[PDB]
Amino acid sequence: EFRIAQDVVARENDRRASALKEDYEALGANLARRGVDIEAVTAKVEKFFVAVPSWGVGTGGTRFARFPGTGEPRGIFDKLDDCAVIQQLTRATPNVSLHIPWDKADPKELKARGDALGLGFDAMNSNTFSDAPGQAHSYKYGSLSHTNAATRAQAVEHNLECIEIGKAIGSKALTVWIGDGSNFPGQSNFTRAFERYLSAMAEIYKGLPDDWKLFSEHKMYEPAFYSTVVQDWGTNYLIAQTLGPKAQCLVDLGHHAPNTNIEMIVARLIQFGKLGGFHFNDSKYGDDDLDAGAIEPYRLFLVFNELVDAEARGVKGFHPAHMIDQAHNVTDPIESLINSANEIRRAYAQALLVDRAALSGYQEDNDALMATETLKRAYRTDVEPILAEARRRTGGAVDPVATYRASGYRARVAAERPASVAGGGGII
């Protein structure tokens, strides 16, 4: 199937082919003068993939309000149809990340739809940070770390079910992010809550297939506003080290305290073999969940610099799961995910241009200026031509968003799906 007509894609590509050939050739000549083979770079970029969040193709909101657009997806099936568009145009998001119970449905159908749309399934995501209809025990005061045994058992069961769904659809990991924490000093005993959490996670670990991974995701705050059980990478490391070989840490960019050196955390986790994966997005204030690289592109580049460095030195058993975790409140969710996936490949491609030998030399000589300039030479490079050519050669669009708007997809699905209504957030 092709959510976007092939003629429109070919049409929009031909319209930009000339300019692209020029830019690509100019960049290739420049890279050559730098001892770099543009073709080698493009080949790797075509092979870089990042999972899209099923809950990301829908318009998001804040605790104050939600302003849905037209053609909002009704459920997992409409969401998969929209994710297909993203993959077809960018060719960078072949896999979708499911969230339960939001995307609960017959595993056979999900798999079927995915195969038909040319989409796979990444890590499963459990939900014990909200109450579902008919739920026996509320997660108001926590889940996996709740003081009530029955409540923890219920949370554990839910996570085990997520693993069962994932196995049936082709997933190989479970990501566990909970809101568990406290809003007031004294409300929670830090140590006892963590102990409860560890014990519950141990039960979940027991249900992991031999080739599966369990990712725990830390977050400084929100929904808890005083303390959070899994508040940072330090606690997260203790979790992973304690649970076992299959347990690793997931780093969501906007989940750190102000001014935190996030790329260092990535490096530390790689060093001790616990970098399970990433949740890409950008931010300026808190866990803003904005389009990747829209606020601080250099920081995104620096994270990838650590990723490529580890890749370069053959760090064996190094396959971090890459996923986008964003909320789109003022843009067409599909266009944002498209450009976000693009930005990620942009940062990856620039990281690949880093002269590793020269950098190592300046590091050993303590030539700070040249070391930092060596990274900038790669970062300053406009690799858009490589990103565009990679898409073109793999069946994607030179200009993804332009082709998307030219296709009229949004207007189309807007006519097929029921209207939505604005409203307030959880504030009241």
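Numbers follow the displayed sequence, beginning with 1.
Checked against the record, the higher mean CA B factor of 131-139 and 349-357 lies with 131-139. Looking at mean Cα B-factors across 257-265 and 237-245, the upper value is held by 237-245.
When the C-alpha B-factors of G277, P297, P333, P101 are ranked from the entry, the top spot goes to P101. As recorded in the entry, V315 carries the highest CA temperature factor of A224, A193, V315, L214. In this PDB entry, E164 carries a Cα temperature factor that places it within the highest third of its chain's modelled residues. Placement of the Cα temperature factor of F301 within the chain: lowest third of the modelled residues, per the deposited record.
For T394, the recorded CA B-factor ranks within the highest third of the chain. Only modelled residues enter the ranking. Ranked by C-alpha B-factor against the other modelled residues of its chain, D252 falls in the lowest third. Sorting the modelled residues of the chain by their CA temperature factor places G207 in the highest third.
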